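Colleague: My questions all concern the structure below.
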Amino acid sequence: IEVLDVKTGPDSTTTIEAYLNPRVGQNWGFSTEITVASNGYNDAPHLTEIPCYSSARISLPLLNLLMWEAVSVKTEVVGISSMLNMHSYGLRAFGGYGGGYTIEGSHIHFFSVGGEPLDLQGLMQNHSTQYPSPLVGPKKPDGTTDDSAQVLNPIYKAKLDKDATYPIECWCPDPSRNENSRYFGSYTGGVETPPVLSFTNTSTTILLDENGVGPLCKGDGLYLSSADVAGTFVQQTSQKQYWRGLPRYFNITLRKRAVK
Amino acid sequence: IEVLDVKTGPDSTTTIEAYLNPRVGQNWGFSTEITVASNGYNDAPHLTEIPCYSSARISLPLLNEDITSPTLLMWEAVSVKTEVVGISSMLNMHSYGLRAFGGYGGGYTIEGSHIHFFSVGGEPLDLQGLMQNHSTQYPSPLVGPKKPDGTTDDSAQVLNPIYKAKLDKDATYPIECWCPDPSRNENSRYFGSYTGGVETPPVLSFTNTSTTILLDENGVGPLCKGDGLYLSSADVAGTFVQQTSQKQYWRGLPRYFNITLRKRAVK
Amino acid sequence: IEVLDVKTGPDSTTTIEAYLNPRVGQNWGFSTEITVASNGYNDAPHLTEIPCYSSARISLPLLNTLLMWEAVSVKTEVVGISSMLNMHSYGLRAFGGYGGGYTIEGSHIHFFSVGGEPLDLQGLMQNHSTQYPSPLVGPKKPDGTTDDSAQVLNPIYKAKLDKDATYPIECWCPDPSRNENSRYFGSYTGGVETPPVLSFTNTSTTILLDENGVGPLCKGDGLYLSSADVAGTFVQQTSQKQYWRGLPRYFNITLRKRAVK
Amino acid sequence: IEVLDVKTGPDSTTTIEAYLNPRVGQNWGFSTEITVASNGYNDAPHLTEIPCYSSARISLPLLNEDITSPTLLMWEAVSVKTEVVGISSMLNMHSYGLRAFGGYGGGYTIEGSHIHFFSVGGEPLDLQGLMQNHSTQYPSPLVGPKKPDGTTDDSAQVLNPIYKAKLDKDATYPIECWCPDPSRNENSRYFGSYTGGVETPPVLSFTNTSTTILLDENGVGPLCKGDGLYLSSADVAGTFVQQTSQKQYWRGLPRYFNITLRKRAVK
Amino acid sequence: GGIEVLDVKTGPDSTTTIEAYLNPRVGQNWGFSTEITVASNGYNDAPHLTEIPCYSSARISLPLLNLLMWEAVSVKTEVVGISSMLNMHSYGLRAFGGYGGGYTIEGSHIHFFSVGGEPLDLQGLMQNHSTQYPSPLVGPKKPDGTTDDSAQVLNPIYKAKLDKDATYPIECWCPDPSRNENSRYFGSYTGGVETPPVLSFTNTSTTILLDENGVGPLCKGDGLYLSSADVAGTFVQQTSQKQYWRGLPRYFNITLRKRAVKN
Ligand SMILES: CC(=O)N[C@H]1[C@H]([C@H](O)[C@H](O)CO)O[C@@](O)(C(=O)O)C[C@@H]1O
Ligand SMILES: CC(=O)N[C@H]1[C@H]([C@H](O)[C@H](O)CO)O[C@@](O)(C(=O)O)C[C@@H]1O
Ligand SMILES: CC(=O)N[C@H]1[C@H]([C@H](O)[C@H](O)CO)O[C@@](O)(C(=O)O)C[C@@H]1O
Ligand SMILES: CC(=O)N[C@H]1[C@H]([C@H](O)[C@H](O)CO)O[C@@](O)(C(=O)O)C[C@@H]1O
Ligand SMILES: [Cl-]
Ligand SMILES: [Cl-]
Ligand SMILES: [Cl-]
Ligand SMILES: [Cl-]
Ligand SMILES: [Cl-]
Ligand SMILES: [Cl-]
Ligand SMILES: [Mg+2]
């Protein structure tokens with residue numbers, strides 16, 4: 001798009017409220033138990049134990065030479081306070097006499113705002129991982145997945161076009177594309193790593209680029225994406241781990257922009 | 001409310017000092033022992049083991065005293081100096097703490113998962129329901145996320161708009177099933193940080209030189225409806241781990257507020 | 001005090017160098033062994049195992065509209081941080097006893113205040129029933145009692161930091177409802193084996209002027225310094241006993257003459 | 001080179017996209033098992049267990065000397081957008097990792113000592129020799145710090161100027177015996193962070209909103225000699241710990257570059 | 001210093017740069033101490049010369065000027081060979097019950113540098129007043145030759161000038177904040193048993209050495225005084241489970257300019 005003047009005047013700005021609920025393998029914020037393939041056997045995790053990118057397309061007011069331009073977003077991880085819970089069946093500290101473990105371990109927090117689906121690059125820890133249908137993993141055109149999927153091979157790309165479909169563990173945001181999307185992510189590893197999350201209604205993220213242009217919403221659609229895996233729940237007795245996801249709130253400010 | 005000019009002149013600004021004491025299940029800064037339901041049994045924690053949001057409504061000086069005035073005035077919260085009081089209380093290795101280095105060392109200082117949170121507003125803080133276990137049984141008089149029919153389904157573990165409340169009572173709304181609602185609270189400013197982990201060390205700073213500005217993108221602060229300033233607090237520093245019993249108790253700290261307000265005109 | 005113009009000209013500014021040595025229960029940077037009361041028995045720690053606020057009043061040049069010294073800025077440093085790079089002085093030994101001694105570790109607090117009067121203290125303690133030996137001073141009501149409310153905020157429990165080595169860190173914090181004429185700065189870190197992180201440079205400066213460009217005004221021509229620098233605990237091999245370790249704080253205050261009504 | 005005016009006008013700026021895949025001893029993001037010499041035996045690690053600097057020379061558009069102009073033109077690297085690709089790949093607790101909570105929990109995510117480093121330059125990055133063990137035996141075709149006589153003495157464990165190299169070959173210079181030479185690299189900008197520890201969690205961020213400025217104290221960027229832009233990378237995220245074997249493997253990640261260059265005149 | 005400072009001479013040959021490196025002095029000269037030893041409770045604390053890390057220090061000769069003094073304006077400094085620590089094969093204590101790789105350098109660490117126009121002023125403070133430092137090391141002594149309990153806190157009687165490389169132990173001397181008017185110093189210490197070192201390296205950082213009044217260190221006797229203390233942590237050896245201090249070299253690049261002075 002050749003970008004022109006910013007239309008100002010009445011009915012020239014609008015806000016969009018939306019939330020994305022987490023897709024950690026089931027719909028209620030927890031995966032099924034995390035399983036580990038035995039050395040030499042297939043790496044074939046259960047559908048319901050594999051966290052995926054949350055994604056939605058919000059319909060914007062119809063315009064027509066004008067496109068909605070995303071200027072800023074207020075975003076928050078909802079239900080952080082839910083984790084201050086040491087009674088709900090957690091593995092017990094101090095030889096079983098203390099309280100249950102709060103959510104801990106490896107976690108990722110990520111959001112994107114765009115005028116089109118987020119561009120994904122294929123990269124995974126184990127090229128041989130078997131993702132059950134209907135999940136989508138990095139495949140060559142011939143249907144195979146070789147060792148190169150553990151590093152950067154441009155052959156492995158996708159568009160984040162379906163909720164609860166693209167596993168976090170084999171797709172990252174493609175930095176060679178996403179010209180019309182703004183994305184932000186932080187991953188922390190470790191076995192018992194404590195989650196650190198902040199929440200305030202005073203933060204704002206500017207979405208304008210080096211040249212003061214925001215994401216331009218093609219087909220009058222605003223594209224939100226989320227991945228908020230706070231860590232794992234560790235259950236007493238079973239000592240099994242479950243991925244715990246949290247919902248993300250969005251508040252996008254858009255304005256009318258003219259295009260050639 | 002259509003916001004107008006900021007009235008300046010004498011008696012046009014005022015300060016409010018307040019403190020909120022913590023409500024961690026009892027009134028003296030400690031919960032009763034944290035209990036854990038056995039797998040397959042009801043998750044039914046004791047009233048006195050469940051930390052709640054502290055909350056108060058401070059009465060502000062009367063405004064629309066002048067029966068001739070052409071414009072209504074509301075107090076506008078501009079800035080707050082806030083401090084977590086008694087942080088230094090935690091430098092204590094003699095008061096019955098689980099003992100380090102095979103029992104020959106000093107007692108454990110407060111450690112583990114902690115949350116620190118405050119809000120200033122012109123009305124009660126808007127809460128969204130979200131909890132780790134939808135089936136948790138909160139004893140009366142605590143209030144948890146319920147649908148209109150009285151039930152609580154699996155959706156309460158993620159975002160379902162059906163689960164909302166106003167933080168209208170002290171020591172009543174559990175921290176673990178209510179968070180600030182980011183879809184509302186237009187007339188409140190809230191700030192929170194949570195840290196998880198089993199033995200995580202609390203890190204807290206204290207100074208009388210910090211100030212938090214409460215004005216929004218458009219230079220408007222919280223406007224105090226009914227001449228009431230609404231303070232909220234949640235300062236669970238971590239857990240006390242007791243020697244011998246090896247039981248854990250939530251430890252809360254009080255929060256000090258110093259709000260600067262000014263008169264603002266409204267249509 | 002109604003504050004007026006800042007007197008400028010010769011002999012209108014001065015600097016004060018001072019150090020506060022730590023008061024961790026003895027005078028040489030270590031407490032006696034930390035003891036823990038048995039559940040159900042009195043919580044009665046030894047005088048020499050309880051760290052206290054360090055405090056001094058520096059005498060300023062006599063001045064006498066009246067003039068008061070105004071504290072503008074302070075360069076401050078925690079002295080002897082490098083002293084902790086020591087793995088040979090009797091520390092509990094790592095890697096099954098074959099490695100070096102534990103460096104100072106565990107819960108620590110670092111705090112300083114500059115003021116024109118004694119620092120205002122608020123009473124708050126972990127255990128209301130703690131018995132502080134004389135001559136230490138703990139939160140008492142006027143009647144001499146100490147109730148459960150001392151574990152949260154009760155305004156009845158206040159004091160002025162008017163004596164060195166007297167006010168325990170564990171039952172007194174800076175009172176944020178007062179200290180209009182003091183500037184205080186403090187950071188506490190908990191944990192059992194938490195590593196201390198301390199920096200030192202002669203390039204840092206802390207401005208002491210308030211929202212209205214007024215610094216602490218030194219009443220009775222006295223500058224009031226306060227310190228609490230408990231770097232952590234020393235863990236001794238064999239005994240596996242813990243001792244509080246304190247460090248001294250250096251102050252360099254710049255003051256200027258200010259007029260008052 | 002005497003640096004002159006910045007040529008502006010049409011065809012005077014250009015961008016370069018590139019990626020460097022990691023060289024951790026094999027080409028698919030993992031080393032072979034990390035081995036440890038027995039005390040008193042040779043320190044002789046396998047070729048395929050030794051991570052190396054990734055490196056490439058990107059060809060820039062040829063800049064043709066104008067016999068009427070008084071001044072030659074060189075490409076000047078102004079800014080770089082760079083990202084560590086496939087960070088999200090590490091949120092994997094099913095792919096054969098050593099299992100937590102006595103073997104009943106999920107596999108360990110990548111953890112332990114890690115280094116993240118990138119350089120942009122108008123020539124090969126200048127390397128200084130420094131290694132933990134001077135006696136380490138690097139198999140051919142790797143290149144380690146050698147004196148002219150072929151030996152490597154104790155001084156290679158500190159700074160000896162005799163041990164220098166140019167990062168002129170991919171997958172060749174081990175990270176563990178070469179660092180960026182701060183006494184040179186006038187025409188390169190380099191950025192690195194190392195974290196030690198046994199089980200240290202990696203912390204990595206990713207966004208398409210970050211930019212690193214490459215201009216120096218005097219507003220001059222790397223000047224690309226022979227119309228070549230020199231990229232270097234070292235992104236060892238940590239180790240994979242395998243269940244049962246309890247063997248460790250270095251895990252590398254690819255780095256994306258997006259360099260903005262402009263024409264600069266030189267005497 | 002006690003020099004009255006005047007105008008900054010500008011013009012040709014009025015600025016110069018100095019490149020230098022200080023190699024670490026952790027008790028031997030090749031980046032490692034001998035094994036760390038621990039006195040038994042009740043016995044003398046008498047560590048080996050070669051197990052005690054010391055401040056690195058050098059005096060660089062500047063071009064002769066004559067009044068004019070060289071003024072240190074800025075320094076680019078870097079800890080060299082950080083990447084050397086990404087080594088899990090060189091005899092380190094082995095992780096995951098001995099089946100994993102060797103421990104990288106870990107534990108308590110200090111990183112420190114100073115630039116000055118004279119030797120760095122040191123204050124005596126030590127963890128154990130009774131520590132016995134072998135000759136030729138220099139520890140805090142009173143004039144009478146003794147060292148009392150006061151050396152564990154601040155006693156002004158215990159001072160020294162960092163006038164010799166590999167001589168002043170880090171563990172009993174810190175920079176004296178009551179002096180060093182003509183030096184700029186910067187240090188960070190981290191404790192703990194297994195604490196991971198975190199070090200960054202870039203040729204884009206610069207540290208300004210000018211004070212509150214835009215005056216840098218003035219190099220007395222046409223000498224620039226560099227000091228370093230970079231103990232990255234300890235090496236933990238498999239089988240022996242003994243610990244060795246590991247030091248790293250520091251690179252300096254100082255920019256100086258001519259400054260005029262009275263008297
Ligand atoms: C990643 C993976 O391959 N998971 C597999 C698990 C793991 O072996 C468990 O960890 C056993 O504890 O076992 C299965 O039999 C199962 O539970 O259905 C098959 C499944 O494909
Ligand atoms: C969270 C919860 O449900 N707590 C329950 C506990 C836990 O199961 C104990 O930790 C093990 O008995 O048990 C009770 O008998 C109790 O102690 O009062 C009932 C209570 O409902
Ligand atoms: C660094 C080093 O010298 N490693 C040597 C190792 C290790 O001692 C063991 O693998 C212990 O893990 O032993 C070898 O037989 C091997 O595996 O190839 C030879 C190799 O040269
Ligand atoms: C700091 C110190 O005083 N170290 C002493 C050590 C340690 O006690 C042992 O290495 C640990 O048992 O013992 C010595 O015999 C030695 O190693 O030469 C004398 C030495 O003076
Ligand atoms: Cl939605
Ligand atoms: Cl009050
Ligand atoms: Cl208790
Ligand atoms: Cl906060
Ligand atoms: Cl501080
Ligand atoms: Cl593998
Ligand atoms: Mg009336």
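Quick note on naming: the chains in the structure tokens go A, B, ... in the order shown, residues restart at 1 in each chain, and ligands are numbered from 1 in order of appearance.
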Pull out every residue of chain C that has at least one atom within 7 Å of chain B, counting only C-alpha atoms, and report them as a PyMOL selection string.

Modeller: chain C and resi 34-39+43+45+107+124-127+148-149+151-153+169-173+176+183-192+240-242

Colleague: Once chain D is fitted to chain B on all Cα atoms paired one-to-one in order, how large is the remaining RMSD?

Modeller: 0.6 Å

Colleague: From a DSSP pass on the backbone, collect the residues of region 21-99 of chain C flagged as helix (DSSP H, G or I) and hand them back as number ranges by chain.

Modeller: C: 47-49, 81-84, 95-97

Colleague: Output C-alpha atoms of each residue in that selection to a file, as a short mmCIF file (atom, residue, chain, number, x, y, z; two decimals), in the first residue's frame.

Modeller:
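This is the output file result_22.cif:
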```cif
data_model
loop_
_atom_site.label_atom_id
_atom_site.label_comp_id
_atom_site.auth_asym_id
_atom_site.auth_seq_id
_atom_site.Cartn_x
_atom_site.Cartn_y
_atom_site.Cartn_z
CA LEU C 47 21.12 -8.38 72.86
CA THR C 48 24.21 -9.18 70.69
CA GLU C 49 22.24 -11.08 67.94
CA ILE C 81 32.00 -4.65 49.95
CA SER C 82 35.24 -6.25 48.57
CA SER C 83 35.75 -7.78 52.10
CA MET C 84 33.16 -10.47 51.09
CA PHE C 95 30.89 -29.32 47.27
CA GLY C 96 30.75 -31.79 50.20
CA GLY C 97 33.44 -29.94 52.25
#
```

Colleague: Please, which residues have at least one atom within 9 Å of an atom of ligand 3, using only C-alpha atoms and all ligand atoms, listed as number ranges by chain?

Modeller: D: 33-39, 41-46, 136-137, 247; E: 88-91, 98-101

Colleague: For N, CA and C atoms, I'd like the residues from the last selection saved as an mmCIF file, in the first residue's frame.

Modeller:
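As a result, result-v6.cif now contains:
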```
data_model
loop_
_atom_site.group_PDB
_atom_site.id
_atom_site.type_symbol
_atom_site.label_atom_id
_atom_site.label_comp_id
_atom_site.auth_asym_id
_atom_site.auth_seq_id
_atom_site.Cartn_x
_atom_site.Cartn_y
_atom_site.Cartn_z
ATOM 1 N N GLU D 33 27.088 -35.227 22.217
ATOM 2 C CA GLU D 33 27.146 -35.207 23.701
ATOM 3 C C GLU D 33 28.409 -34.468 24.153
ATOM 4 N N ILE D 34 28.269 -33.623 25.167
ATOM 5 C CA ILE D 34 29.409 -32.932 25.824
ATOM 6 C C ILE D 34 30.176 -33.988 26.607
ATOM 7 N N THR D 35 31.487 -34.072 26.394
ATOM 8 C CA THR D 35 32.393 -35.024 27.092
ATOM 9 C C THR D 35 33.334 -34.222 27.986
ATOM 10 N N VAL D 36 33.825 -34.848 29.050
ATOM 11 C CA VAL D 36 34.728 -34.214 30.048
ATOM 12 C C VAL D 36 35.950 -35.117 30.213
ATOM 13 N N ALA D 37 37.131 -34.605 29.870
ATOM 14 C CA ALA D 37 38.428 -35.282 30.082
ATOM 15 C C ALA D 37 38.553 -35.660 31.558
ATOM 16 N N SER D 38 39.099 -36.843 31.860
ATOM 17 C CA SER D 38 39.484 -37.241 33.238
ATOM 18 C C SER D 38 40.713 -36.441 33.669
ATOM 19 N N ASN D 39 40.738 -35.974 34.921
ATOM 20 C CA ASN D 39 41.894 -35.214 35.473
ATOM 21 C C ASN D 39 43.178 -35.964 35.104
ATOM 22 N N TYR D 41 44.470 -36.569 32.108
ATOM 23 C CA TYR D 41 44.423 -37.016 30.689
ATOM 24 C C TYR D 41 44.311 -35.786 29.782
ATOM 25 N N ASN D 42 44.528 -35.963 28.481
ATOM 26 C CA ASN D 42 44.380 -34.881 27.472
ATOM 27 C C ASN D 42 42.950 -34.345 27.506
ATOM 28 N N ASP D 43 42.817 -33.019 27.431
ATOM 29 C CA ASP D 43 41.538 -32.315 27.149
ATOM 30 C C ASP D 43 41.346 -32.279 25.633
ATOM 31 N N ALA D 44 40.682 -33.280 25.055
ATOM 32 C CA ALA D 44 40.560 -33.468 23.593
ATOM 33 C C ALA D 44 39.096 -33.680 23.224
ATOM 34 N N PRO D 45 38.292 -32.597 23.193
ATOM 35 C CA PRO D 45 36.881 -32.696 22.851
ATOM 36 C C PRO D 45 36.692 -33.050 21.373
ATOM 37 N N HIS D 46 35.567 -33.698 21.069
ATOM 38 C CA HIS D 46 35.131 -34.061 19.699
ATOM 39 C C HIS D 46 34.863 -32.784 18.900
ATOM 40 N N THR D 136 43.921 -27.401 25.779
ATOM 41 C CA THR D 136 42.790 -27.955 24.995
ATOM 42 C C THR D 136 43.283 -28.295 23.581
ATOM 43 N N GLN D 137 42.960 -29.494 23.092
ATOM 44 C CA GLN D 137 43.301 -29.972 21.727
ATOM 45 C C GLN D 137 42.060 -29.839 20.841
ATOM 46 N N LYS D 247 22.950 -37.113 29.643
ATOM 47 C CA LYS D 247 23.978 -36.424 28.825
ATOM 48 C C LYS D 247 23.447 -35.044 28.423
ATOM 49 N N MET E 88 32.494 -26.690 28.816
ATOM 50 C CA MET E 88 31.930 -27.736 29.706
ATOM 51 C C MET E 88 32.715 -29.049 29.562
ATOM 52 N N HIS E 89 33.944 -28.997 29.038
ATOM 53 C CA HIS E 89 34.778 -30.202 28.764
ATOM 54 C C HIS E 89 36.097 -30.181 29.548
ATOM 55 N N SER E 90 36.541 -29.022 30.045
ATOM 56 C CA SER E 90 37.876 -28.842 30.673
ATOM 57 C C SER E 90 37.804 -29.117 32.182
ATOM 58 N N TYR E 91 37.489 -30.366 32.540
ATOM 59 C CA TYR E 91 37.747 -31.006 33.862
ATOM 60 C C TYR E 91 36.781 -30.501 34.944
ATOM 61 N N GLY E 98 27.093 -36.876 37.250
ATOM 62 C CA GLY E 98 28.393 -37.178 36.615
ATOM 63 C C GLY E 98 28.280 -37.533 35.139
ATOM 64 N N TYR E 99 27.065 -37.602 34.581
ATOM 65 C CA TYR E 99 26.820 -38.011 33.172
ATOM 66 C C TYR E 99 26.780 -36.789 32.245
ATOM 67 N N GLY E 100 26.551 -35.595 32.804
ATOM 68 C CA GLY E 100 26.478 -34.329 32.049
ATOM 69 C C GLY E 100 27.850 -33.707 31.854
ATOM 70 N N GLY E 101 27.884 -32.434 31.445
ATOM 71 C CA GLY E 101 29.128 -31.684 31.188
ATOM 72 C C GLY E 101 29.677 -31.058 32.458
#
```

Colleague: Could the residues that lie within 7 Å of ligand 8, counting only C-alpha atoms and all ligand atoms, be listed as number ranges by chain?

Modeller: B: 116-117, 191-193

Colleague: Can you tell me how far CA of residue 173 (chain E) sits from CA of residue 140 (chain E), in Å to one decimal?

Modeller: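 Interatomic distance, CA of residue 173 (chain E) to CA of residue 140 (chain E): 7.7 Å.
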
Colleague: Need to verify the contact set: residue 255 (chain C), 12 Å, only C-alpha atoms, exclusion of same-chain residues closer than 2 positions in sequence. Can you return it as a ChimeraX atom specification?

Modeller: /C:6-8,11-17,60-61,68-74,114-116,207-209,214-218,221-223,252-253,257-258

Colleague: Could you tell me which residues of chain C sit within 8 Å of chain E when counting only C-alpha atoms, and give me the result as a ChimeraX atom specification?

Modeller: /C:17,19,21-22,28-29,77,79-91,93-96,98-105,193-203,237-238,247-248,250

Colleague: Once you have the residues from the selection above, write them out as a PDB file, in the first residue's frame, restricted to C-alpha atoms.

Modeller:
```pdb
ATOM      1  CA  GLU C  17      32.198  13.864  55.562  1.00  0.00           C
ATOM      2  CA  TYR C  19      30.839   7.346  58.312  1.00  0.00           C
ATOM      3  CA  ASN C  21      29.833   1.802  61.477  1.00  0.00           C
ATOM      4  CA  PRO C  22      27.237  -1.013  61.554  1.00  0.00           C
ATOM      5  CA  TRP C  28      33.084  -5.246  64.892  1.00  0.00           C
ATOM      6  CA  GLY C  29      30.695  -6.061  61.999  1.00  0.00           C
ATOM      7  CA  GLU C  77      28.885   4.385  49.596  1.00  0.00           C
ATOM      8  CA  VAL C  79      32.417   0.539  52.490  1.00  0.00           C
ATOM      9  CA  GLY C  80      34.255  -2.840  52.503  1.00  0.00           C
ATOM     10  CA  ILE C  81      31.998  -4.651  49.951  1.00  0.00           C
ATOM     11  CA  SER C  82      35.239  -6.246  48.566  1.00  0.00           C
ATOM     12  CA  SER C  83      35.753  -7.779  52.100  1.00  0.00           C
ATOM     13  CA  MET C  84      33.161 -10.472  51.092  1.00  0.00           C
ATOM     14  CA  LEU C  85      35.443 -11.998  48.333  1.00  0.00           C
ATOM     15  CA  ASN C  86      36.838 -14.354  51.063  1.00  0.00           C
ATOM     16  CA  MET C  87      36.396 -18.183  50.807  1.00  0.00           C
ATOM     17  CA  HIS C  88      39.131 -19.140  53.393  1.00  0.00           C
ATOM     18  CA  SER C  89      37.924 -17.528  56.716  1.00  0.00           C
ATOM     19  CA  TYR C  90      36.082 -20.506  58.327  1.00  0.00           C
ATOM     20  CA  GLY C  91      32.970 -20.461  56.052  1.00  0.00           C
ATOM     21  CA  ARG C  93      32.562 -25.475  52.803  1.00  0.00           C
ATOM     22  CA  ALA C  94      30.913 -26.099  49.376  1.00  0.00           C
ATOM     23  CA  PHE C  95      30.890 -29.323  47.269  1.00  0.00           C
ATOM     24  CA  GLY C  96      30.746 -31.794  50.204  1.00  0.00           C
ATOM     25  CA  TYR C  98      36.216 -30.086  49.558  1.00  0.00           C
ATOM     26  CA  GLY C  99      35.482 -26.575  48.118  1.00  0.00           C
ATOM     27  CA  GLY C 100      35.912 -23.070  49.629  1.00  0.00           C
ATOM     28  CA  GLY C 101      33.945 -21.377  52.450  1.00  0.00           C
ATOM     29  CA  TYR C 102      30.512 -19.748  51.819  1.00  0.00           C
ATOM     30  CA  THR C 103      30.750 -15.962  51.228  1.00  0.00           C
ATOM     31  CA  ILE C 104      28.214 -13.781  53.142  1.00  0.00           C
ATOM     32  CA  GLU C 105      24.704 -14.756  51.876  1.00  0.00           C
ATOM     33  CA  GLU C 193      21.085 -18.380  50.574  1.00  0.00           C
ATOM     34  CA  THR C 194      20.327 -15.186  48.509  1.00  0.00           C
ATOM     35  CA  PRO C 195      23.542 -13.659  47.061  1.00  0.00           C
ATOM     36  CA  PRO C 196      24.202 -10.015  48.014  1.00  0.00           C
ATOM     37  CA  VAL C 197      24.593  -7.658  44.979  1.00  0.00           C
ATOM     38  CA  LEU C 198      26.357  -4.352  45.899  1.00  0.00           C
ATOM     39  CA  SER C 199      27.903  -1.649  43.628  1.00  0.00           C
ATOM     40  CA  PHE C 200      30.442   1.076  44.579  1.00  0.00           C
ATOM     41  CA  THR C 201      31.497   4.249  42.644  1.00  0.00           C
ATOM     42  CA  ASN C 202      32.639   7.823  43.520  1.00  0.00           C
ATOM     43  CA  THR C 203      30.549   9.102  40.502  1.00  0.00           C
ATOM     44  CA  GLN C 237      31.780 -24.588  58.969  1.00  0.00           C
ATOM     45  CA  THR C 238      31.191 -27.423  61.518  1.00  0.00           C
ATOM     46  CA  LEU C 247      29.062  -2.917  56.683  1.00  0.00           C
ATOM     47  CA  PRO C 248      29.855   0.771  57.313  1.00  0.00           C
ATOM     48  CA  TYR C 250      30.208   6.704  54.050  1.00  0.00           C
TER      49      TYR C 250
END
```

Colleague: Between CA of residue 14 (chain D) and CA of residue 177 (chain A), measure the distance and give it in Å to one decimal.

Modeller: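 Interatomic distance, CA of residue 14 (chain D) to CA of residue 177 (chain A): 16.9 Å.
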
Colleague: Per residue of chain A within 6 Å of ligand 1, record the nearest atom pair and its distance in Å to one decimal, counting only C-alpha atoms and all ligand atoms, with rows in chain order and ascending residue number, as JSON lines.

Modeller:
```
{"residue": "A:35", "atom": "CA", "partner": "ligand 1", "partner_atom_place_in_ligand_line": "10 (O)", "distance": 3.4}
{"residue": "A:36", "atom": "CA", "partner": "ligand 1", "partner_atom_place_in_ligand_line": "10 (O)", "distance": 3.7}
{"residue": "A:37", "atom": "CA", "partner": "ligand 1", "partner_atom_place_in_ligand_line": "3 (O)", "distance": 3.6}
{"residue": "A:38", "atom": "CA", "partner": "ligand 1", "partner_atom_place_in_ligand_line": "8 (O)", "distance": 5.5}
{"residue": "A:42", "atom": "CA", "partner": "ligand 1", "partner_atom_place_in_ligand_line": "3 (O)", "distance": 5.7}
{"residue": "A:43", "atom": "CA", "partner": "ligand 1", "partner_atom_place_in_ligand_line": "3 (O)", "distance": 4.1}
{"residue": "A:44", "atom": "CA", "partner": "ligand 1", "partner_atom_place_in_ligand_line": "3 (O)", "distance": 3.8}
{"residue": "A:45", "atom": "CA", "partner": "ligand 1", "partner_atom_place_in_ligand_line": "1 (C)", "distance": 3.8}
```

Colleague: Just need the residues of chain E within 7 Å of chain D, counting only C-alpha atoms, so spit them out as a VMD selection string.

Modeller: chain E and resid 23 30 to 31 78 81 83 to 91 96 99 to 106 194 to 204 248 to 249 251

Colleague: May I have the residues within 12 Å of residue 15 (chain D) as a compact mmCIF listing (two decimals) with C-alpha atoms, in the first residue's frame, using only C-alpha atoms and disregarding those fewer than 5 positions away in the same chain?

Modeller:
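Output (around19.txt):
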```txt
# COMPACT_ATOMS: atom_id res chain seq x y z
CA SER A 176 11.75 -11.61 7.47
CA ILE D 58 26.98 -10.47 2.20
CA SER D 59 27.74 -8.94 -1.27
CA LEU D 60 26.46 -5.30 -1.54
CA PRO D 61 25.59 -3.50 -4.83
CA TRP D 75 28.22 1.55 1.84
CA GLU D 76 27.82 2.63 5.50
CA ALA D 77 25.82 0.35 7.88
CA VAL D 78 23.54 2.75 9.87
CA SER D 79 21.17 0.45 11.83
CA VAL D 80 20.29 -3.29 12.23
CA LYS D 81 17.00 -4.95 13.28
CA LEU D 229 28.94 -6.46 4.75
CA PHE D 257 19.66 -9.52 10.44
CA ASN D 258 18.06 -6.52 8.64
CA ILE D 259 20.81 -3.90 7.99
CA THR D 260 20.00 -0.38 6.63
CA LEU D 261 23.00 1.08 4.70
CA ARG D 262 23.55 4.48 2.98
CA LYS D 263 26.26 5.81 0.58
```

Colleague: Could you tell me, counting only C-alpha atoms and all ligand atoms, which protein and nucleic acid residues lie no more than 12 Å from ligand 11, written as number ranges by chain?

Modeller: B: 61-67

Colleague: Step by step, measure atom-to-atom distances between ligand 5 and each residue using only C-alpha atoms and all ligand atoms, keep those at most 7 Å, then write them as a list in words.

Modeller: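 The neighbouring residues of ligand 5 are, in order, residues 18, 19, 20 and 56 of chain A.
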